Amino acid sequence: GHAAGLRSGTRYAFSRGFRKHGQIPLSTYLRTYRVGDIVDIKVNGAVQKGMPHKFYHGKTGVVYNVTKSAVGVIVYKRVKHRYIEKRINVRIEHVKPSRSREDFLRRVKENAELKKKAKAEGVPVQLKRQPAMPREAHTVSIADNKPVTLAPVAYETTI
Amino acid sequence: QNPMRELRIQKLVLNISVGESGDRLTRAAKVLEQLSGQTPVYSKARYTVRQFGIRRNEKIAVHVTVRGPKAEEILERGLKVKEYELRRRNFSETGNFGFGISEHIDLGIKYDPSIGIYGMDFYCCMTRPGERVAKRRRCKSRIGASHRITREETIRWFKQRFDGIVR
Amino acid sequence: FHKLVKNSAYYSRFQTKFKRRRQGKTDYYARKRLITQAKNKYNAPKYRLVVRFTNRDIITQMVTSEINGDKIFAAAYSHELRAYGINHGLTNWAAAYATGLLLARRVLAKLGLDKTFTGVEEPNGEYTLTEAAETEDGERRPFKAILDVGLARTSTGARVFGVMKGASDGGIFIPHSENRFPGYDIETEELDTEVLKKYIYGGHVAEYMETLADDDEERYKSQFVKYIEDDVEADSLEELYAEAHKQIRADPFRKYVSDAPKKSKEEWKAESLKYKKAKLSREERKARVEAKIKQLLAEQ
RNA sequence: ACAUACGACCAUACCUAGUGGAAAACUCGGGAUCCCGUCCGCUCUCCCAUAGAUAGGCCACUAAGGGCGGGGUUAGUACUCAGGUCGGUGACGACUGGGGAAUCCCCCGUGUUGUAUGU
RNA sequence: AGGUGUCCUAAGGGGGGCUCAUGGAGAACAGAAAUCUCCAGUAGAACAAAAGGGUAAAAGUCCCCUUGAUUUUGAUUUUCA
RNA sequence: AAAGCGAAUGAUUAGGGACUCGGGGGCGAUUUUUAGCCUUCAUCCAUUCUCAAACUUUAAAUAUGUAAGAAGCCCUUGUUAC
Ligand SMILES: [K+]
Ligand SMILES: [K+]
Ligand SMILES: [K+]
Ligand SMILES: [K+]
Ligand SMILES: [K+]
Ligand SMILES: [K+]
Ligand SMILES: [K+]
Ligand SMILES: [K+]
Ligand SMILES: [K+]
Ligand SMILES: [K+]
Ligand SMILES: [Mg+2]
Ligand SMILES: [Mg+2]
Ligand SMILES: [Mg+2]
Ligand SMILES: [Mg+2]
Ligand SMILES: [Mg+2]
Ligand SMILES: [Mg+2]
Ligand SMILES: [Mg+2]
Ligand SMILES: [Mg+2]
Ligand SMILES: [Mg+2]
């Protein structure tokens with residue numbers, strides 16, 4: 001049985017970067033969170049209270065509780081042949097709102113106006129994404145862009 | 001030049017390093033207390049060397065500082081004993097200087113046989129008006145390059161005011 | 001010789017501090033505890049009463065904090081006391097009490113709670129706190145703010161607590177204890193409640209006048225030059241401030257005009273742009289180097 | 001546009017040296033009765049806004065300045081995922097379908113901005 | 001390559017002021033090394049102990065007041081069935 | 001992984017410039033710090049040849065967390081001891 005402590009193996013993960021020590025920006029304490037938000041976890045080494053375990057560093061979850069100085073988050077952990085639901089308490093210095101769902105929240109309101117604009121006008125539109133398609137036919141002119149002929153080069157010693 | 005670039009005496013501090021504790025230190029404190037009129041301050045020993053016979057955290061010295069007209073008159077008396085002659089190397093690169101004497105009764109203190117005889121050290125600090133910039137608590141900053149004193153200026157000031165000689 | 005500490009490698013690894021800490025203006029350790037609010041209360045603001053002192057002025061504000069900067073809710077300077085009968089001693093304890101009272105009335109009027117929450121109206125040196133007022137058979141809690149003192153020392157008798165005492169009598173609720181007011185005896189832990197009354201109306205200045213005039217007439221007239229030119233004596237200061245107090249609680253939005261030059265916003269911009277020097281260009285900067293080479297080369 | 005108070009990003013803002021600063025502001029500044037604190041009214045605290053000066057703090061400009069920030073070159077190179085009854089005694093290497101860096105060196109730049117009150 | 005079966009009424013809790021290791025230049029005895037003064041100084045010091053992380057108007061250092069090292073039970077995290 | 005050391009911490013080869021009061025040896029009277037004439041190590045400065053599982057300013061490939069709607073989006077306004 002090897003050594004297995006709470007913070008074993010976190011030499012580089014929990015460290016602050018080069019030229020990024022000292023004071024914490026105060027906009028961290030001014031954000032607001034609501035039950036149902038989507039946040040990601042990133043441990044700050046300079047705060048030793050409300051720290052999450054090293055497994056959750058770099059994960060994304062959903063808020064389920066709000067208290068005076070922390071939030072409760074729900075994450076799913078894989079243990080061999082199943083998933084288990086975990087609930088962790090994290091101080092707000094370690095959490096951050098996520099941009100994972102912003103693309104979806106932007107397409108939903110853009111689809112609403114395009115649908116209503118088209119319905120008012122009378123011409124149908126697409127309203128869903130498509131993967132990149134193969135290119136089409138086109139003509140390329142040789143005028144004042146004459147091609148340059150290349151050939152492989154002989155071997156030579158550099159040093 | 002500008003009226004705000006005139007030299008003056010910031011403070012004068014004198015210390016006596018007896019090297020041991022006991023009655024000798026107490027009597028070394030009385031001479032400074034009588035001379036200045038203020039209560040002096042004891043200084044302990046940071047190191048511990050058996051060659052000098054001192055250990056950590058035992059008082060071995062006494063000092064005190066004065067400002068204003070009191071500093072000027074006491075500085076005058078010491079220069080009188082030194083008969084207004086000083087060495088060039090007594091002046092530092094920041095614009096200060098100092099000297100010392102081997103006997104405290106030379107100034108004239110009505111010698112008492114029950115207090116012994118001590119020597120002391122003289123050191124005074126020069127300055128200019130507007131030095132509060134680097135000393136205030138709020139918006140503390142750094143004095144400019146053209147506003148600081150040099151060795152040539154302070155020796156010249158000493159020769160004009162006290163009419164002394166430095167070589 | 002010795003190693004040069006400040007070489008290029010020293011500069012490369014150097015990490016600067018926050019800009020307003022380099023300027024020495026804000027204490028970020030205290031600021032965090034002042035502005036942060038419980039996440040249980042989602043968007044309820046926290047109101048700060050900041051007070052700052054200059055050589056010739058007193059600055060007072062009511063502030064809230066946002067993500068991209070602070071927002072000012074009201075302001076009340078000390079030079080604005082001129083249009084109330086006060087012209088001297090603009091940075092003393094009595095002026096601090098008056099300019100604090102001005103902001104409290106100016107804030108309550110903006111919120112619409114001026115008719116209720118009057119305050120004290122008879123400045124007395126007692127220790128009281130603003131209570132809830134009963135209206136239409138119901139209670140309403142008073143407006144609440146906290147003091148922000150900056151880098152000043154909080155010793156007994158400081159002028160920062162003078163501004164607070166005025167705002168508290170103005171009608172705002174500001175939590176505090178009385179062990180920092182002038183006239184508090186730390187030995188018996190009692191407040192005299194009369195020395196504080198003297199300080200509210202500026203009585204400590206007046207007693208200085210009469211004592212100084214009796215024992216040193218030359219210093220008296222050199223330090224109170226502008227006080228005597230307007231026939232202000234030691235028996236008139238108390239009624240002078242009490243007059244300003246009741247005028248302030250009748251029209252807190254009175255306008256003041258100074259004797260400095262007056263222009264418009266567009267006029268000032270045109271004036272300032274004339275005294276402005278522009279940076280060189282690349283061609284000019286290169287031509288200067290070429291000229292410098294010719295000078296040094298021909299200098300030999 | 002300029003100044004002050006409270007800020008946001010936290011060096012394009014830092015460090016060194018040299019020249020300038022309309023108006024107002026900010027500053028240095030003057031005095032220790034009271035509140036208060038020191039070995040010392042140096043710092044902190046109180047009183048005056050008259051007198052003096054932009055000397056310094058503060059703002060702006062300069063320097064083939066050190067650092068910092070952005071880009072080029074290094075280079076389709078080093079490395080790496082998948083493949084073959086491929087080469088070679090081996091060490092190790094080439095090819096097929098893909099992904100793809102970092103110094104030395106060269107060029108440019110030297111803060112942006114929110115609320116409130118004023119010049 | 002190393003560590004543990006302890007140690008602390010403060011080396012626990014709150015508040016306030018200050019800045020460290022080291023270098024240069026100066027001062028009677030005093031010198032390589034005693035005490036005093038100025039300038040530079042991104043932490044090169046200190047934080048009971050092994051090593052790693054963290055900290056500059058502090059988490060270091062000195063000063064003032066105290067016992068949240070207290071009461072009643074539940075939820076959650078690591079090793080994990 | 002690769003890369004770096006005219007970048008911090010460590011390891012490491014060689015010349016040059018500045019220096020004397022740091023040391024050593026000496027030569028003009030060893031006179032003498034007279035830094036007189038040299039001299040070698042030492043120190044500082046700009047360069048120079050090689051390195052790191054328990055070093056690092058930088059930094060891949062392969063792998064890895066979350067999302068891609070009806071239990072969604074928008075307008076108005078009812079309860080509470082928070
Ligand atoms: K192990
Ligand atoms: K100036
Ligand atoms: K100037
Ligand atoms: K032990
Ligand atoms: K304690
Ligand atoms: K450590
Ligand atoms: K357990
Ligand atoms: K590299
Ligand atoms: K190295
Ligand atoms: K991904
Ligand atoms: Mg392990
Ligand atoms: Mg703990
Ligand atoms: Mg504080
Ligand atoms: Mg440059
Ligand atoms: Mg392969
Ligand atoms: Mg096969
Ligand atoms: Mg403590
Ligand atoms: Mg502290
Ligand atoms: Mg490698």
Side-chain angles (χ1 to χ4, degrees), chain A residues 4 6 11 14-15 18 27 38 45-46 48 53 58-60 87-89 98 100-101 103-104 108-109 112, chain B residues 2-5 11 13 15 17 19 38-41 43 45 47 49 52 54 60-61 63-67 90 92-94 96-102 119 121-123 125 129-130 132-133 135 137 141 143-145 147, chain C residues 1-2 5-6 8-9 11-16 18-19 27 29 50 52 54-56 59 61 63 68-72 75 77 92 153 155-158 182 204-205 207-208 211-212 219 223-226 260-261 268-269 271-273 275-277 279 289:
Chain A
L6 197 68
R11 171 174 179 169
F14 283 14
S15 80
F18 180 65
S27 61
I38 299 187
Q48 286 95 42
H53 186 263
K59 301 290 180 290
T60 302
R87 297 183 162 191
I88 63 175
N89 303 127
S98 52
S100 76
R101 210 175 154 94
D103 190 306
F104 169 71
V108 53
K109 80 188 305 295
Chain B
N2 190 278
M4 304 254 70
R5 309 181 75 262
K11 56 174 180 173
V13 56
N15 68 289
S17 170
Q38 310 168 1
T39 300
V41 42
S43 180
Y47 257 63
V49 285
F52 303 155
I54 55 181
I60 64 178
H63 59 116
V64 71
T65 176
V66 293
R67 285 185 172 96
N90 285 24
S92 63
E93 293 285 324
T94 47
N96 316 336
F97 59 87
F99 53 79
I101 60 181
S102 304
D121 231 335
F122 280 61
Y123 210 83
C125 310
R132 184 180 157 78
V133 170
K135 302 283 180 293
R137 176 164 156 84
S141 302
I143 308 299
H147 198 69
Chain C
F1 289 100
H2 56 295
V5 173
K6 291 169 69 175
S8 50
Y11 290 136
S12 179
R13 322 245 310 171
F14 189 87
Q15 178 192 358
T16 55
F18 276 11
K19 164 173 162 181
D27 180 14
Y29 184 95
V50 343
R52 302 290 184 261
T54 71
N55 279 123
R56 303 176 301 166
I59 306 182
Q61 287 158 321
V63 188
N68 285 281
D70 295 77
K71 295 284 180 296
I72 308 297
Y77 296 83
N92 70 343
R153 280 233 48 178
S155 57
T156 307
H204 67 294
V205 177
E207 295 201 3
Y208 192 25
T211 294
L212 193 58
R219 217 172 78 197
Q223 221 69 91
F224 295 87
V225 185
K226 298 286 184 167
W268 278 125
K269 179 172 182 175
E271 178 78 9
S272 178
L273 292 185
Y275 307 101
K276 199 169 182 62
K277 190 165 188 175
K279 301 182 179 178
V289 169

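Numbers restart at 1 for each chain; the letters A, B, ... are given by sequence-line order, proteins then strands. Hydrogens, waters and symmetry mates are skipped; everything else that's a heavy atom, side chains included, is used.
- Base orientation at F:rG4 is anti, since its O4'-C1' glycosidic dihedral falls outside 90° of 0.
- Summary of the strand contacts: C:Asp27 and B:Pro3 both lie near RNA chain D, and taking for each the nucleotide with the nearest heavy atom, the more 5' one is attributed to C:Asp27.
- Look at E:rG23: its Watson-Crick or wobble partner, with both distances under 3.5 angstrom, is E:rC39.
- Pairing check for E:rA33 against E:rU77: the two fail the Watson-Crick or G-U wobble geometry, since the two atom distances are not both under 3.5 Å.
- Taking the nucleotide of RNA chain E with the nearest heavy atom to each of C:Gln15 and C:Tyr29, the more 5' of the two is matched to C:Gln15.
- By the Watson-Crick or G-U wobble test, with both distances required under 3.5 Å, D:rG93 and D:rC28 do not count as a base pair.
- Using the rule of two distances under 3.5 Å, D:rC58 and D:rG21 count as a Watson-Crick or G-U wobble pair.
- Distances were taken from every side-chain heavy atom of C:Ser8 (C-beta onward) to each of D:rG66, E:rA57, D:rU50; the shortest belongs to D:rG66.
- D:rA22 has its base stacked against the ring of C:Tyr275, the centroids being under 5.5 angstrom apart at an interplanar angle below 30°.
- Listed nucleotides: D:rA11, E:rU37, D:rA53. Nearest to the side chain of C:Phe14: D:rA11.
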Dump every N/O contact between nucleotides 75-79 of chain E and the protein below 3.5 Å, one line per pair.
unit_1: E:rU76; atom_1: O3'; unit_2: A:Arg87; atom_2: O; d: 3.1
unit_1: E:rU76; atom_1: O2'; unit_2: A:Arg87; atom_2: O; d: 2.4
unit_1: E:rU77; atom_1: OP1; unit_2: A:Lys86; atom_2: NZ; d: 3.3
unit_1: E:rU77; atom_1: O3'; unit_2: A:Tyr56; atom_2: OH; d: 3.3
unit_1: E:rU78; atom_1: OP1; unit_2: A:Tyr56; atom_2: OH; d: 3.1
unit_1: E:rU78; atom_1: OP1; unit_2: A:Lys77; atom_2: NZ; d: 3.0
unit_1: E:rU78; atom_1: OP2; unit_2: A:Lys86; atom_2: NZ; d: 3.3

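- Note: CE (B:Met4) to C1' (D:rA51) measures 12 Å, nearest angstrom.
- A Watson-Crick or G-U wobble pair does not link E:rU9 to E:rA30 when both relevant atom distances must lie under 3.5 Å.
- Between F:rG72 and F:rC49 there is no base pair of the Watson-Crick or G-U wobble kind with both of its two distances under 3.5 Å.
- Between D:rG83 and D:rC95 there is a Watson-Crick or G-U wobble pairing whose two distances both come in under 3.5 Å.
- With both hydrogen-bonding distances under 3.5 Å required, D:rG87 and D:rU74 do not qualify as a Watson-Crick or G-U wobble pair.
- Here F:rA67 does not sit opposite F:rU34 as a base pair, Watson-Crick or G-U wobble, with both distances under 3.5 Å.
- The base of D:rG111 lies close enough to the side chain of C:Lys19 for a donor and an acceptor atom to sit less than 3.5 Å apart.
- Relative to the side chain of B:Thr94, the nucleotides D:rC2, E:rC39, D:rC48 differ in distance, and E:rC39 lies closest.
- Atom OH in C:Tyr208 sits roughly 7 Å away from atom P in D:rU33 (whole-Å rounding).
- The nearest whole Å value for the distance from the CD1 atom in C:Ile72 to the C1' atom in D:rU117 is 10 Å.
- Figure legend. D:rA13 is base-paired to no nucleotide; pairs are counted as Watson-Crick or G-U wobble with both atom distances under 3.5 Å.
- Summarising the base pairing, D:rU54 is matched to no nucleotide, lacking a Watson-Crick or G-U wobble pair whose two defining distances lie under 3.5 Å.
- North is the pucker class for the sugar of D:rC28, given a positive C1'-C2'-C3'-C4' value.
- For D:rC68, the base is not stacked against the aromatic ring of C:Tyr11, per a cut-off of 5.5 Å between centres and 30° between planes.
- Base pairing of E:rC80 is not made with any nucleotide, judged by Watson-Crick or G-U wobble geometry with both donor-acceptor distances under 3.5 Å.
- Nucleotides of RNA chain E nearest to C:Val5 and C:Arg153 differ in position, and the one nearer the 5' end is that of C:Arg153.
- Between the side-chain ring of A:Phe104 and the base of F:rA68, no stacking contact exists by the 5.5 Å and 30° definition.
- Taken together, F:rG17 and F:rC44 meet the test for a Watson-Crick or G-U wobble pair: both N-N or N-O distances fall under 3.5 Å.
- Across all strands shown, D:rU38 forms no Watson-Crick or G-U wobble pair with both key distances under 3.5 Å.
- Sugar pucker annotation for E:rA11: south, assigned from a negative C1'-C2'-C3'-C4' dihedral.
- In this structure, E:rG3 makes no Watson-Crick or G-U wobble pair, since no nucleotide meets both defining distances under 3.5 angstrom.
- With both pairing distances under 3.5 Å, E:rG60 is matched to E:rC18 as a Watson-Crick or G-U wobble pair.
- Contact annotation: side chain of B:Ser17 to base of E:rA30, donor-acceptor pair present below 3.5 Å.
- Taken together, D:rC42 and D:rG18 do not constitute a Watson-Crick or G-U wobble pair, since the relevant N/O distances do not both lie under 3.5 Å.
- C:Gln15 is not listed as a side-chain neighbour of A:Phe18, based on a closest heavy-atom distance of 4.5 Å or more.
- E:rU19 and E:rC63 have their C1' atoms separated by 16 Å, given to the nearest Å.
- Partner assigned to D:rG114 is D:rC6, using Watson-Crick or G-U wobble distances below 3.5 angstrom.
- If you check distances only, the side chain of B:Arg137 never reaches the base of D:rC44 with a donor-acceptor pair under 3.5 Å.
- In this structure, the aromatic ring of C:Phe1 is not positioned over the six-membered ring of the base of F:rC19 within 5.5 Å between centres and 30° between planes.
- The closest side-chain heavy-atom distance from B:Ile60 to B:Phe52 is not below 4.5 Å.
- Rounded to a whole Å, the CZ atom of C:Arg219 is 12 Å from the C1' atom of D:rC48.
- Rounded to a whole Å, the CD atom of B:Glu93 is 15 Å from the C1' atom of E:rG23.
- For A:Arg11, whose side chain is taken as the heavy atoms from C-beta onward, the closest listed nucleotide among E:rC38, D:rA24, E:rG53 is E:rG53.
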